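The file data-v3.cif comes next; it holds mmCIF, C-alpha atoms.
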data_final
#
loop_
_atom_site.label_atom_id
_atom_site.label_comp_id
_atom_site.auth_asym_id
_atom_site.auth_seq_id
_atom_site.Cartn_x
_atom_site.Cartn_y
_atom_site.Cartn_z
CA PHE A 563 0.00 0.00 0.00
CA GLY A 564 1.12 3.61 0.21
CA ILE A 565 1.77 3.68 3.94
CA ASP A 566 4.26 6.35 5.14
CA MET A 567 5.86 6.53 1.68
CA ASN A 568 5.32 8.39 -1.58
CA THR A 569 3.86 5.71 -3.86
CA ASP A 570 2.45 2.24 -3.56
CA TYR A 571 4.10 -0.59 -5.48
CA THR A 572 2.83 -3.45 -7.55
CA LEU A 573 4.06 -6.79 -6.31
CA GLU A 574 6.50 -7.17 -9.22
CA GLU A 575 8.52 -4.15 -8.06
CA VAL A 576 8.49 -5.45 -4.49
CA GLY A 577 9.64 -8.83 -5.80
CA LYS A 578 12.54 -7.09 -7.49
CA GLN A 579 13.25 -5.31 -4.20
CA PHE A 580 13.33 -8.58 -2.22
CA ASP A 581 14.76 -10.78 -5.02
CA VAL A 582 11.75 -13.10 -5.11
CA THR A 583 8.81 -14.14 -7.34
CA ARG A 584 5.62 -11.99 -7.46
CA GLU A 585 3.70 -15.12 -6.26
CA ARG A 586 5.72 -15.47 -3.02
CA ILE A 587 4.98 -11.84 -2.14
CA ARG A 588 1.29 -12.49 -2.75
CA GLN A 589 1.56 -15.38 -0.29
CA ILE A 590 3.33 -13.17 2.25
CA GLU A 591 0.63 -10.51 1.97
CA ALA A 592 -2.16 -13.07 2.29
CA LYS A 593 -0.52 -14.59 5.38
CA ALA A 594 0.03 -11.21 7.05
CA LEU A 595 -3.53 -10.12 6.29
CA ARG A 596 -4.79 -13.40 7.75
CA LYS A 597 -2.69 -12.75 10.86
CA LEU A 598 -4.11 -9.25 11.31
CA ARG A 599 -7.64 -10.58 10.74
CA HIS A 600 -7.24 -12.52 13.99
CA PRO A 601 -8.77 -11.17 17.21
CA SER A 602 -6.73 -9.41 19.94
CA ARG A 603 -5.75 -7.00 17.14
CA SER A 604 -8.86 -6.50 15.01
CA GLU A 605 -10.87 -4.78 17.75
CA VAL A 606 -9.07 -1.43 17.71
CA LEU A 607 -9.07 -1.40 13.91
CA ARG A 608 -12.73 -2.37 13.47
CA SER A 609 -13.72 0.34 15.91
CA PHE A 610 -13.10 2.54 12.85
CA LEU A 611 -16.08 0.90 11.13
CA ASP B 250 -14.47 -14.91 34.05
CA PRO B 251 -13.81 -13.03 30.79
CA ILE B 252 -10.69 -14.91 29.65
CA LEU B 253 -11.73 -18.60 29.59
CA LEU B 254 -14.29 -18.22 26.78
CA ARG B 255 -11.81 -16.80 24.25
CA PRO B 256 -11.15 -19.21 21.34
CA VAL B 257 -8.01 -21.35 21.44
CA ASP B 258 -6.93 -19.67 18.19
CA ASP B 259 -5.97 -16.68 20.36
CA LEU B 260 -3.00 -18.64 21.75
CA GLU B 261 -0.94 -18.05 18.55
CA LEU B 262 -0.17 -21.73 18.03
CA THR B 263 1.78 -23.28 15.16
CA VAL B 264 0.07 -25.42 12.54
CA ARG B 265 1.37 -28.81 13.73
CA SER B 266 0.24 -28.31 17.33
CA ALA B 267 -3.00 -26.74 16.08
CA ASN B 268 -3.78 -29.87 14.06
CA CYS B 269 -2.90 -32.07 17.04
CA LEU B 270 -5.24 -30.08 19.30
CA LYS B 271 -7.99 -30.16 16.67
CA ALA B 272 -7.58 -33.94 16.67
CA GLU B 273 -7.97 -33.69 20.45
CA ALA B 274 -11.14 -31.63 19.71
CA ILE B 275 -10.42 -28.67 22.00
CA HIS B 276 -11.87 -25.22 21.27
CA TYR B 277 -11.94 -23.44 24.66
CA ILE B 278 -9.00 -22.29 26.78
CA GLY B 279 -10.55 -23.87 29.86
CA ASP B 280 -10.91 -27.08 27.86
CA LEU B 281 -7.30 -26.54 26.76
CA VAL B 282 -6.10 -26.46 30.38
CA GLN B 283 -8.49 -29.12 31.71
CA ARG B 284 -6.12 -31.89 30.61
CA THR B 285 -2.52 -32.38 31.78
CA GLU B 286 1.05 -32.80 30.52
CA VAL B 287 1.18 -36.48 29.57
CA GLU B 288 -2.44 -36.59 28.38
CA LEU B 289 -1.77 -33.98 25.69
CA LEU B 290 1.77 -35.25 25.03
CA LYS B 291 0.49 -38.72 24.09
CA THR B 292 -0.95 -37.32 20.85
CA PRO B 293 0.95 -38.17 17.65
CA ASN B 294 3.22 -35.57 16.01
CA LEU B 295 3.19 -33.38 19.16
CA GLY B 296 6.50 -33.14 21.01
CA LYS B 297 7.73 -31.65 24.26
CA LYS B 298 8.47 -28.37 22.46
CA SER B 299 4.83 -27.92 21.40
CA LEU B 300 3.41 -28.29 24.92
CA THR B 301 6.36 -26.27 26.23
CA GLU B 302 5.46 -23.33 23.98
CA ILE B 303 1.79 -23.76 24.93
CA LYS B 304 2.75 -23.48 28.60
CA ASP B 305 4.95 -20.48 27.75
CA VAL B 306 2.07 -18.60 26.13
CA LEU B 307 -0.19 -19.61 29.05
CA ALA B 308 2.34 -18.17 31.52
CA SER B 309 2.66 -15.01 29.43
CA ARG B 310 -1.16 -14.81 29.62
CA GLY B 311 -1.24 -15.23 33.39
CA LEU B 312 -1.99 -18.95 33.57
CA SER B 313 -0.17 -21.87 35.18
CA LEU B 314 -0.96 -25.59 35.05
CA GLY B 315 -2.56 -27.17 38.09
CA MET B 316 -5.89 -25.32 38.02
CA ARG B 317 -9.41 -26.75 37.79
CA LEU B 318 -12.69 -25.72 36.20
CA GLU B 319 -16.22 -25.40 37.57
CA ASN B 320 -19.41 -25.36 35.47
CA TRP B 321 -17.87 -24.84 32.04
CA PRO B 322 -19.27 -24.46 29.51
#
For the file at hand, write its structure as structure tokens.
Amino acid sequence: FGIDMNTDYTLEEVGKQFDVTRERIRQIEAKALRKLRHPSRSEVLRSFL
Amino acid sequence: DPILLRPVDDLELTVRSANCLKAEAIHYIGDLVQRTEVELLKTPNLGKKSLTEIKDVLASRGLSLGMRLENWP
């Protein structure tokens, strides 16, 4: 996303940054999003909804 | 008590131990701590490290083995 930076990046550019396939970065993002979906962290966020 | 009804997924458990506990059919933290050391260690593919880390997260969440439950659920 564009968090605390100038521009967001497509996953190909991030894959170039981390020397890895675009697929693997998709997996990393899915796993992290799954982790943040979990309770004990979603409450403060979803209070913004 | 507001902490015993939280799902066992809150414990931040790895996949292997999660599958072992699902085979044990446990979904509540009180049900997680109702059993004992050897009883949960007898399960296949679950080692001393798995139950050790479970006890570590229990201690970091203010729990220690040797307790008992009353009228749950």
Tell me the residues of chain A close to chain B, meaning within 8 Å using all atoms listed in the file, as a ChimeraX atom specification. /A:600-602
Could you name the residues that touch stretch 584-599 of chain A at 6 Å or less, counting only C-alpha atoms, but leaving out those on the same chain fewer than 2 positions away, as a VMD selection string? chain A and resid 573 to 574 577
Would you list the residues near (5.0, -32.5, 17.3), meaning any protein, DNA or RNA residue with an atom at most 12 Å from that point in file coordinates, counting all atoms listed in the file, as a PyMOL selection string? chain B and resi 262-270+289-302
Identify, on the basis of all atoms listed in the file, every residue whose closest approach to residue B:319 does not exceed 12 Å; exclude the query and any residue fewer than 5 positions from it along the same chain; express the result as an mmCIF file with C-alpha atoms, keeping the file's coordinate frame.
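Full text of around14.cif as output:
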data_model
loop_
_atom_site.group_PDB
_atom_site.id
_atom_site.type_symbol
_atom_site.label_atom_id
_atom_site.label_comp_id
_atom_site.auth_asym_id
_atom_site.auth_seq_id
_atom_site.Cartn_x
_atom_site.Cartn_y
_atom_site.Cartn_z
ATOM 1 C CA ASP B 250 -14.470 -14.910 34.050
ATOM 2 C CA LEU B 253 -11.730 -18.600 29.590
ATOM 3 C CA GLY B 279 -10.550 -23.870 29.860
ATOM 4 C CA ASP B 280 -10.910 -27.080 27.860
ATOM 5 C CA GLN B 283 -8.490 -29.120 31.710
#
Quick one: axis-aligned box around all listed atoms of stretch 287-300 of chain B, 4 Å on every side, centre and edge lengths in Å to one decimal, written as JSON.
{"center_x": 3.0, "center_y": -33.3, "center_z": 22.8, "size_x": 18.9, "size_y": 18.8, "size_z": 21.6}
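Pairwise distance (atom CA of residue B:285, atom CA of residue B:304) equals 10.8 Å.
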Given the PyMOL selection byres ((chain B and resi 315) around 9) and the file above, list the residues it selects as a ChimeraX atom specification. /B:282-283,285,313-314,316-317
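Atom pair atom CA of residue B:273 / atom CA of residue A:603: separated by 27.0 Å.
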What is the distance between atom CA of residue B:257 and atom CA of residue B:281, in Å to one decimal?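 Atom-to-atom, atom CA of residue B:257 to atom CA of residue B:281, that is 7.5 Å.
Shortest separation to residue B:305 among B:318, B:278, B:260, B:272 occurs at residue B:260, atoms counted being all atoms listed in the file.
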